[PDB]
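This report refers to the structure that appears directly beneath it.
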Amino acid sequence: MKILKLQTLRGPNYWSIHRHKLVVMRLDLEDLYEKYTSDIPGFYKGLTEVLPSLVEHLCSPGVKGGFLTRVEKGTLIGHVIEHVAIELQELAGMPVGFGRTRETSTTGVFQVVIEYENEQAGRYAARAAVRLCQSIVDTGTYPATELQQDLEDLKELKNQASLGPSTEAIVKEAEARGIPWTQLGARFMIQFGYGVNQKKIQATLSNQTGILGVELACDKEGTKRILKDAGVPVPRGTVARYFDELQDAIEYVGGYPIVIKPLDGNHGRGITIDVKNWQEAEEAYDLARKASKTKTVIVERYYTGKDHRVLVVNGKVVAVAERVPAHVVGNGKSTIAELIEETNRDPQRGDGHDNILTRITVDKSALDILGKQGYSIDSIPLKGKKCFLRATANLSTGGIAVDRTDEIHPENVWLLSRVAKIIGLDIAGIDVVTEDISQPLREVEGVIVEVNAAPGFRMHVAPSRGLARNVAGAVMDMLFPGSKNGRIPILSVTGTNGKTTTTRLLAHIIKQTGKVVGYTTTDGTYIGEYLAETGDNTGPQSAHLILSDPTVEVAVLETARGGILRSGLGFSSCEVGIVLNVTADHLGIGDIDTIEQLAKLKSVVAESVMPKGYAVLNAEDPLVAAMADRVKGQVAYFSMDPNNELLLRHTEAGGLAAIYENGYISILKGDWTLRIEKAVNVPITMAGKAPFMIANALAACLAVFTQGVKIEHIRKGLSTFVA
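Numbering (my numbering), first residue to last: 129 to 851.
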């Protein structure tokens, strides 16, 4: 066994369409080229004992265990290799359901294509499958330790190339609406859309979020002072530097209880929670002063009440959640000694920061807090009341969320929207403390605690009590207001002979309209008028360069067969797909040895056309004209012979064709003929002496006309263009 070549495909390709992520492997069968699995004794048992899960494989027979029967009857090792690769990357929790195997031109090389979900994980699984099969055929079995090592390595690879849960939520919401998304390589940023309609998000911060708002939100004193000047109720407090002044400060705040905090401190350095007398206040002040970097301390009035987390998107309240501190209830007439195991049976509990329900950590601080809480380990709750384990009221600690979105006063909604607009944050998370959220914050003693610029919404998606809110939908609506996507006009030109001239002519014609056109061809990648890249390829790299520019409005791409074979198309769909001709002038490259294979390879551009798009095909070539079916969207024929039966039949029922009838480049829109040029005033045609350029001119004119460009613009562009 030897791995000859391992390539990855990310878009539509020769092998399949709508299965964008694939891996192709050229496998060398030096000795087992014609060696059936049933021909070698006692490896069926080894395969079925090393991987029993293959019993789940429903093969071509369509019956449970059909692949095992296929192995029993004797089958080429490529099929079992792809199956064990599928199962081996399935054991890591990665669902894949596509795989193919074919024979190459030479007798000793097979081509195996495997569906993958992660690029590195897929490549690792493909590399490991052949090693496992070779070890099995060499020794009769595979060690379990190596299998476990490979599985844990796959799990690590899957975990490594994973995004934060907010990012998958937003990406899934975007994919549900058919909006393209790509991953930038700078700072885990995700870009939605193409050209001038693109947006960028990191986790929840958009390109519209301001520096000033984010910086102000991080400054607690600054935001408190700003909110106080706008009439927003904020917790009362006062700064002090001398001991004797503390008493006076107690007069201003209103008495007890109070909260002690230092002026300059991050992540709550040296801050107390609740003090209700003189000695504890004195010791807390001393501790804060010893922790404070400037000897000065703010004392503020302690506000009691239920705390809520409100999410504001685009100035509108999306979800309201009430936090309850981590607690236990003795409603089952049981103490903590049994509830510890009772809670562990809930599947929601887990480690990490992805699940809202975390394991109850019985730490020394928590144990001390519950000891001073006023209850014991075996003390039954009185009247059936919740007994808390901590006072931080955090979901990561193990708190409980309650949905309160519906029962909120309209005045509170208005106030929170005003606060979010005042701070200057498109997406914000506000912490409120109030006795009741169904009443205005004036009657009750409610205050605004703090504002967060980049909040997580995992708490609102899974409230655990109440209705879930579609935060990702609201964010996606904010990014793209209407029923619009970040798509720009795309024209993909493919063919054997005249791709470059057609692409340049299309770019020149569209340039007549006041639009910035980005086009890639063999010569180089151009953005409008100025050259962007000299030594470029016609593969997905140039397409990504074109589509990521914030000034490109229309993209014109020359798509060669090398890019499709190596990495596939760089886009999911195109508005216009032009196929010029297919001639077997050069063959033998890759697995393309027959003109039917070349036609199938070139058919990817035509097949990857959205239902509202157009496929511009040559009616003269039978192979190109055979692509009329299996194509979504309208089909437009261009032909140098005005007497083509297929073109006339298509025009009689429908239209949108282009012909060269009497020294004229004419467009048939059904029963009407529109003449463009005299075919001798076009410089590239050389007074009609070159018949090959007329086909390219016809294709370009038809493609431009399908997009709604006026006739005079086409005439002006065709008359001026030079080679």
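C-beta atoms are modelled at their ideal positions from N, C-alpha and C, and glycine is treated no differently.
Less than 8 Å between the CB atoms is what I'm expecting for residue i and residue j, so what's the real figure, rounded?
i	j	result
residue 525	residue 454	5 Å
residue 737	residue 745	Not a contact, Cβ separation roughly 11 Å.
residue 766	residue 826	5 Å
residue 182	residue 204	Not a contact, Cβ separation roughly 16 Å.
residue 718	residue 740	Contact flag wrong, Cβ pair sits at about 33 Å.
residue 558	residue 579	5 Å
residue 560	residue 577	7 Å
residue 710	residue 735	Contact flag wrong, Cβ pair sits at about 14 Å.
residue 345	residue 727	With 8 Å as the limit, residue 345 and residue 727 do not qualify as a contact, their Cβ atoms being about 59 Å apart.
residue 416	residue 425	5 Å
Which partner residues does residue i have in the DSSP bridge list?
i	result
residue 802	795
residue 557	439, 580
residue 390	425
residue 334	329
residue 655	646, 658
residue 309	320
residue 456	515
residue 130	156
residue 618	683
residue 136	151
residue 531	449
residue 286	Paired residue(s): none; residue 286 is not in a bridge.
residue 575	561
residue 486	478
residue 434	562
Of the residues the options, which one's Cα is nearest the Cα of residue i?
i	options	result
residue 806	427, 313, 792, 745	792
residue 251	284, 265, 813, 135	135
residue 788	824, 355, 759	824
residue 799	775, 208, 809, 808	775
residue 813	330, 633, 720	633
residue 584	564, 297, 187, 166	297
residue 219	210, 179, 641	179
residue 482	801, 209, 291, 194	291
residue 265	273, 160, 245, 256	160
residue 842	709, 778, 640, 167	640
residue 348	689, 336, 363, 339	363
residue 244	299, 153, 133, 418	153
residue 596	602, 588, 279	588
residue 313	832, 851, 676	676
residue 830	619, 429, 503	619
residue 607	704, 442, 387	442
residue 224	232, 214, 231	214
residue 258	188, 175, 849	175
How is residue i classed by DSSP in three states: helix, strand or coil?
i	result
residue 469	helix
residue 298	helix
residue 91	Nothing can be reported for residue 91, as the shown portion of the chain is limited to 129 through 851.
residue 746	strand
residue 406	helix
residue 477	coil
residue 191	coil
residue 606	helix
residue 691	helix
residue 788	strand
residue 414	helix
residue 733	helix
residue 566	coil
residue 587	helix
residue 814	coil
residue 838	coil
residue 502	coil
residue 741	strand
residue 592	coil
residue 728	helix
residue 632	helix
residue 304	helix
residue 395	coil
Say the cut is 8 Å; is the CB of residue i nearer than that to a heavy atom of the ligand FAD?
i	result
residue 529	Here there are no bound small molecules, and the ligand FAD is not part of this structure.
Considering only residues of the stretch 749-785, which uninterrupted beta strand (DSSP E) runs meet the minimum length of 3 residues and lie entirely inside it, listed in chain order? The stretch 749-785 contains these whole beta strand (DSSP E) runs: 762-766.
Entirely enclosed alpha helix (DSSP H) segments - the stretch 139-198, minimum 4 residues: For the stretch 139-198, whole alpha helix (DSSP H) runs of length 4 or above, ordered along the chain, are 172-178.
At 4 residues or longer, and completely inside the stretch 208-278: list those alpha helix (DSSP H) runs for me, N to C. Counting only runs of 4 or more, we get 247-267.
Report the start-end ranges of each beta strand (DSSP E) in the stretch 696-726 that is 3 residues or longer and not cut off at the edges. For the stretch 696-726, whole beta strand (DSSP E) runs of length 3 or above, ordered along the chain, are 702-707.
Which full runs of the alpha helix (DSSP H) of 4+ residues lie inside the stretch 313-385, going along the chain? The alpha helix (DSSP H) runs lying completely inside the stretch 313-385 and spanning 4 residues or more are 339-346, 348-357, 371-381, given in chain order.
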